[PDB]
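Numbering (the deposited numbering), first residue to last: 700 to 1040.
Each remark here refers to the structure printed beneath this line.
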Ligand code: NI
């Protein structure tokens, strides 16, 4: 049964609730972004409206095969009427096509649902700047002060440098990058760019990328592996047994792999900076973990919520245990008392 934090009061709207069957009363099913926890349940056989971004729509049509009539894409940053309710989509700074949604209720209440987001100061000069927000459905993935990580730009610096070093030292080395969903495209796009290559990938992954409206994308990616010295692989596959295996397949064209595993937080964030990172090493294969996050750090989340001064906050992540819920409320109280709302 659909949980209360997936429903919007005073509407027939639900958010990211596709895995329950029909929700009685639900006229519209919003999808924040194309990640399988949030979309679990959609197929070709959905005959209710879905509202989502254009990019999310392309992925629904081409990867799950939903029928063009039932996909209502909406532009961002545009006041749009949806069954006589004003809504806006705003960029969530998560993965491609990920949005937050502003709901303007008839009674005067305003609700922001962040889906998955990485809070950023540029959001403070968006449409949100213009009016008060009474309720906040918040991505709480990293709502605990231990969760720090660097800026995406810091991380992209590290990567561009590492890769470019090795390839210039050894011109027969291959860069690999791990992946299992959309998100984090800037890692491989940046590396390839510095190396003067295209990124090479399987057919399915090429298909997923061609739906994302990246400009000039035809110049940046290929399905021809031979022709490319930045490869993508399944994140399952990024290990010594699977990388050795893959190094076979290239047929003596490269004598060294240098992989990157973009991860979120790991406990080695607690004691080690980005400029002081190292890889595991079993012979000629070197696997880097790099904490490129597409979720808010604790500080980033803290600032956003302290600027927004919501009258009420509804967690959407880590809500499944009483301890997590309790720990989160405490932080919400501190923020509110610090900030005087
Ligand atoms: Ni996500």
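Cβ atoms here follow ideal geometry from the backbone N, Cα and C, with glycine treated the same way.
Buried or exposed (CB count within 10 angstroms, at least 16 for buried), residue i
i	result
residue 960	buried
residue 858	buried
residue 881	buried
residue 935	exposed
residue 677	Nothing can be reported for residue 677, as the shown portion of the chain is limited to 700 through 1040.
residue 816	buried
residue 933	exposed
residue 729	buried
For residue i, the three-state DSSP class (helix, strand or coil)
i	result
residue 923	coil
residue 981	strand
residue 1039	coil
residue 799	strand
residue 929	strand
residue 907	helix
residue 994	coil
residue 861	helix
residue 886	helix
residue 763	helix
residue 945	helix
residue 811	strand
residue 790	strand
residue 937	coil
residue 785	strand
residue 973	coil
residue 916	helix
Beta-bridge pairing of residue i - partner residues as DSSP gives them
i	result
residue 752	773
residue 872	955
residue 727	712
residue 960	988
residue 899	921, 930
residue 706	713
residue 834	810, 1011
residue 855	According to DSSP, which records beta bridges pairwise, residue 855 is partnered with nothing at all.
residue 877	932
Supposed close pair residue i, residue j - CB separation, criterion 8 angstroms
i	j	result
residue 854	residue 957	Actually they are not in contact, since the Cβ atoms of residue 854 and residue 957 sit about 16 angstroms apart, beyond 8 angstroms.
residue 852	residue 991	Between residue 991 and residue 852 the Cβ distance is about 10 angstroms, and since that is not below 8 angstroms, they are no contact.
residue 814	residue 758	About 15 angstroms; that fails the 8 angstroms criterion.
residue 898	residue 919	6 angstroms
residue 740	residue 717	4 angstroms
residue 826	residue 787	6 angstroms
residue 794	residue 993	6 angstroms
residue 803	residue 831	Not quite, the Cβ-Cβ distance comes to about 11 angstroms (not below 8 angstroms), so this is no contact.
residue 928	residue 916	At roughly 19 angstroms, the Cβ-Cβ gap does not stay under 8 angstroms, so residue 928 and residue 916 are not in contact.
Proximal residues to residue i (C-beta, below 6 angstroms), its chain only, five neighbours per side dropped
i	result
residue 818	995, 999, 1000, 1003
residue 719	701
Same chain, Cβ closer than 8 angstroms to residue i, neighbours up to 5 away in sequence not counted
i	result
residue 1038	1005, 1008
residue 789	775, 776, 798, 799, 800, 801, 822, 825, 826, 827
residue 869	954, 955
Cut-off 7 angstroms between Cβ atoms - residues of its own chain near residue i, not counting five sequence neighbours on either side
i	result
residue 772	751, 752, 753, 756
residue 764	743
residue 973	849, 853, 854, 857
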